[PDB]
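1. sequence and experimental coordinates follow.
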Amino acid sequence: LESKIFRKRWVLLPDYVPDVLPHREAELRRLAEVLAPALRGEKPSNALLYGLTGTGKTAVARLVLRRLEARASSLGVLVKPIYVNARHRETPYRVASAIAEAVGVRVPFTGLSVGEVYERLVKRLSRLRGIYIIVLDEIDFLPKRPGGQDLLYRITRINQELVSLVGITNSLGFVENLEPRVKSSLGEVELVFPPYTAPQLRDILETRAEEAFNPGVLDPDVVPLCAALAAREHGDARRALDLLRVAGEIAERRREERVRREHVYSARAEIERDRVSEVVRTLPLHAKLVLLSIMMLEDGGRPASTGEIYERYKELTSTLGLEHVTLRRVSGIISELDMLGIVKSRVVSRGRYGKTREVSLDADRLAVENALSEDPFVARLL
DNA sequence: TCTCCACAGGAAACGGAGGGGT
DNA sequence: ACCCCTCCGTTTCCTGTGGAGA
Ligand SMILES: Nc1ncnc2c1ncn2[C@@H]1O[C@H](COP(=O)(O)OP(=O)(O)O)[C@@H](O)[C@H]1O
Ligand SMILES: [Mg+2]
């Protein structure tokens, strides 16, 4: 069941950590020279990687980690690497509950007190015997929320209840919501990923392109274009790769032995409409109803005020015979919607006429629509 | 140059539905 | 049986603030 368009689609998929990473050799080499000593060696100095999305932080770390294991497995010095993703499983609890399991512990999914599961960690941990590297990708989330900052700390202290940390995030805006204490070991080595010039994204895809595609089907300069779109903002290779791979996905639909400029634009189109739909589906009821209220007011231009949004929100709820949340919460919900980038909001004074938000819709409207309609409540409001 | 509107947006905590280990 | 958890949308209380009016 092959194609003529792909030879290895999965290589493009969001998990394949490749084995060469163009333009991030130094970040590769440093992390290598900061963890190798556990190989002869032991306890490696703790380290930290701020940077932006699509800079290839995760790619690197996971690679170094693959290799660090590749050697240890050939040498036969126990050296366990564990990967934990703070964002995809979001809370201070789970982040421990996870990091526990890898060394081999039970997943009570709720039971606990973060400390209870922290304890269990250091026990099966300090009953069996080696040196272990934790990688906490995207820990900024961690401190976002309670015991977040506290757990962080513990884990950096873990090493002397008798172990090493690699913290990853995506915002210098974190050197600061470190308690300098926490700050001061969550990164003994400052590993920082400066982003991607276009001809760099160029070169990356180029590479991933021999791996994944058949060797003529990818048109000339299409990759330059993917770069262009991914560079258009801050450099982000996910999106570059996301793009060029959705591009070929879409060619297979339109049944040709080639990708060119079009399938990319149509790629951009498919991606947002699915991102959008995926959110507005996975949105709380009253969250949905606010979104509608915005939809309903941004009819014309008269961008919706926080204020207005509430009252026809109030209208909607009643029109359905439901209780209604607070303005505070409506307000919160707005800011959320804005982060999900399903809306975009300006903060602006009207003089003595108060202070409020102009909210407008950022995403494809009809996208949002069919989304909303699938929920059997909003649907009623036709 | 002060007033005071219409909120923004942080902190806490809740409630009532998932569950613990003694 | 006891008191303890976590979670997630939400409630309560709150303090801050750009600029049109007088
Ligand atoms: N230098 C690179 N060479 C090849 N592929 C890369 C490079 N940097 C990133 N990628 C790819 O782009 C995607 C996003 O990169 P990643 O490192 O996961 O982002 P983040 O910086 O958020 O960890 C990954 O799927 C990865 O395969
Ligand atoms: Mg990542």
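-> That came in fine, so what should we check first? Residues are numbered from 1 along each chain as shown, chains lettered A, B, ... in the order given. Ligands and ions are numbered 1, 2, ... in the order given.
2. you'd agree residue A:273 is up against residue A:365?
-> No: using CB atoms under 8 Å, residue A:273 is not in contact with residue A:365; the gap is 11.1 Å. Placement of C-beta: from N, CA and C, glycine included.
3. what sits up against stretch A:94-104?
-> Residues outside stretch A:94-104 that contact it (CB atoms under 8 Å, 6 or more residues apart in numbering): A:80, A:82, A:84, A:86, A:89, A:107-109, A:112, A:114, A:117-118, A:120-121, A:124-125, A:128, A:132, A:134, A:136, A:142, A:151, A:155.
4. near DNA strand B at all, that stretch?
-> No: using CB under 7 Å from any atom of the strand, stretch A:94-104 never reaches DNA strand B; the gap is at least 11.6 Å.
5. list the buried ones in that stretch?
-> Neighbour counts over stretch A:94-104 (16 or more other CB atoms under 10 Å) mark A:94-101, A:103 as buried.
6. equivalent analysis for stretch A:203-216, please.
-> Neighbour counts over stretch A:203-216 (16+ other CB under 10 Å) mark A:203-205, A:208-209, A:212-214 as buried.
7. filter the contacts of stretch A:94-104 to the buried ones?
-> Buried among these (16+ other CB under 10 Å): A:80, A:82, A:84, A:86, A:114, A:117-118, A:120-121, A:125, A:132, A:134, A:136, A:142, A:151, A:155.
8. inside strands: which ones of those?
-> A:80, A:82, A:84, A:132, A:134, A:136 (DSSP state E).
9. what residues does the stretch 201-350 of chain A have near DNA strand B?
-> The stretch 201-350 of chain A comes close to DNA strand B at residues A:305-308, A:327-328, A:331, A:334-335, A:347, A:350, as judged by CB under 7 Å from any atom of the strand.
10. do the stretch 1-150 of chain A as well
-> Residues of the stretch 1-150 of chain A lying near DNA strand B (CB under 7 Å from any atom of the strand): A:106, A:108, A:110-112, A:116.
11. at 6 Å instead, please
-> A:108, A:110-111 (CB under 6 Å from any atom of the strand).
12. so what's residue A:166 closest to, chain neighbours aside?
-> residue A:135 (4.3 Å; CB to CB, 6 or more residues apart in numbering).
13. and that neighbour, how many neighbours does it have?
-> The tally of other residues near residue A:135 (other CB atoms under 10 Å) stands at 23.
14. ok, back up a step: more neighbours, residue A:273 and residue A:365?
-> Neighbours of residue A:273 and residue A:365, each counted by other CB under 10 Å, are more numerous for residue A:273; the result is 17 against 11.
15. do you know how far the more buried one is from DNA strand C?
-> For residue A:273, the distance to DNA strand C equals 23 Å [CB to the nearest atom of the strand, to the nearest Å].
16. spit out the contact partners of that residue.
-> A:364, A:367.
17. now the element after the host helix or strand of it, going C-ward?
-> Here residue A:273 sits within helix A:261-281, counting by DSSP states H and E. As assigned by DSSP H and E, the chain's next helix or strand after helix A:261-281 is helix A:285-297.
18. which strands and helices lie in contact with the following helix or strand past that following helix?
-> Sequence-wise, the next helix or strand downstream of helix A:285-297 (DSSP H and E) is strand A:304-305. Strand A:304-305 sits against helix A:285-297, strand A:355-361, with contacts defined as 3 or more CB pairs under 8 Å, 6 or more residues apart in numbering; DSSP states H and E.
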